[PDB]
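Listed next as structure tokens is one chain, alone, in the form deposited in one PDB entry.
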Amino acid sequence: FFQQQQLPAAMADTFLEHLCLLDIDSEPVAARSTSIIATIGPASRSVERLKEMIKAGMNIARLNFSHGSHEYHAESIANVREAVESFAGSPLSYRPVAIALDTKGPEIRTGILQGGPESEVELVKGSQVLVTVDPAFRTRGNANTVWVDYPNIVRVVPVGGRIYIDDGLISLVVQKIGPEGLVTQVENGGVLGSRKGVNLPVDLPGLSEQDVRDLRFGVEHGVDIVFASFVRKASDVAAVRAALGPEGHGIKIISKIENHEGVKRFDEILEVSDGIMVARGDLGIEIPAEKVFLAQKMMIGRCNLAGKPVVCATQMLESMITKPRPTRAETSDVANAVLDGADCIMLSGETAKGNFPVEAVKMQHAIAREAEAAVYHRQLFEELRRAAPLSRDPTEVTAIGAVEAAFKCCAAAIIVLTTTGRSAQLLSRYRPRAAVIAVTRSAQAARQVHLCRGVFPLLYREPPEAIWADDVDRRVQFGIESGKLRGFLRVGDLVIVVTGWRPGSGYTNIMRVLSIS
């Protein structure tokens, strides 16, 4: 109890008094429920660096298949698994880490600039720039002319349209459509390098030939999660599932909502996906920048309703690419994503290319811990309660009973046994304040539950005891011992233990109140 983890604010009767009672001297618990996804790149590739990021709090390593070869990414996977497994010799402190593959998706990139792949050229504001796809001008990239790697570009944009280059920094307005070149008037000028992104706010297919190879690669190397780029409809997810094949039927598909189409068809995309990523990078270019927060809050709420994980990504701590501490806007954005109900937060260039990858992970860890305590659980739990339909599934029934029991005694943890992760996910979807300590024998499940907020996975490695009830108790004790070592639990704490009545997944039906001795 005490005056810690914003408990006075949690006991408020209105959201207004909740805000009034928030305290900067009320310290949070050590358990951080929002998972951190860190992108792998030249700054976070060495085994030595990855060990620091795992200790700092990185839960999922993201491989961005828009850059680098299959051989390059196989080296990233090997270095991650080498860093993760160096801690395995101490099972009570072992932290599982998931590997996520981010697909290239339907991209449009420019041509290499004349003079060198590492030289610059400027565009004049209000000038006249010609956009061409002619194969001859592929290496002619200059101030007056730019090449695009998308042939069917002249038959999609009307007169007066808009073409964005380099993360929406450069803007071109279509004036006339010419024979073998698109005449534009620059609307927003700026420096332009080589082979930058192009957004067109399309007939490029939903799943490319190269992304098919990329998905098979992820199955052969046993990735746990796929981030599918530019998901526009349900069949875009089915195509990714089909390319994964029966070999990868257990891989979680997280749909990236990156344009107006994805937001419009969100309901049909969410029903067929395991989760959603709000990809505010491209989404900030495909729809007006002042509206991205609407799309993020909408998508987070509907995922919290559905009980499916949602990832918030891009530019959360962007200034930390070059500076050791973030701006006030960036700290508030991470805190507010946690407040909205995000299950995971992501770092992109902050860990891939920046000079402070470990410090960015440490900052997200510190912010999320404070923000999680500031969640107004009293109204959140009540609303998730009413919105969720009645259930005859004993796992779901037990889950809500355990969460309510945890709120009643301010339990330090809910310890649940799970093989597939489902029992921990059904606890997570009701957003308990107590940490959900999930003890599993499945290494894959231990990595995959990082998607669900508040679930701390522990990989159990011992062969079964001869009496199953003894094997259950040993696993519960392993969760308590790990919680003690990691600082989640102390003597005298109350804990809720969630198990089933028989071995095998799907039989969870028991909730017990235990005190830590």
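In this text, residue numbers run from 1 along the sequence as written. Rigid core (definition): largest C-alpha set, two forms, superposition within 1.5 Å.
The entry shows a gap from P201 to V202, with 1 to 3 unmodelled residues of the deposited sequence in between. Relative to its counterpart among 69 to 77 and 372 to 380, 69 to 77 has the higher mean temperature factor, C-alpha atoms as listed in the PDB entry.
Look at the mean CA B-factor for 169 to 177 and for 358 to 366 in the entry; the higher one is 169 to 177. Among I251, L182, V338, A434, the highest C-alpha B-factor in the deposited entry belongs to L182. Annotation for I321, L92, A234, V397: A234 ranks highest, by Cα B-factor. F227 sits in the middle third of its chain by CA B factor, as recorded in the PDB entry. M11: CA B factor lies in the highest third for its chain, per the PDB record. Among all modelled residues in this chain, the alpha-carbon of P96 has a temperature factor (C-alpha) in the lowest third. Looking at the C-alpha B-factors along this chain, the one for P309 belongs to the lowest third. Sort the modelled residues of the chain by CA B factor and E247 lands in the highest third.
Keep in mind that the form deposited in another entry is missing from the display, and what follows is about it.
The residue that stands out in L305, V397, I177, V272 is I177, the single one whose Cα moves by 2 angstroms or more between this form and the one not shown on a rigid core fit.
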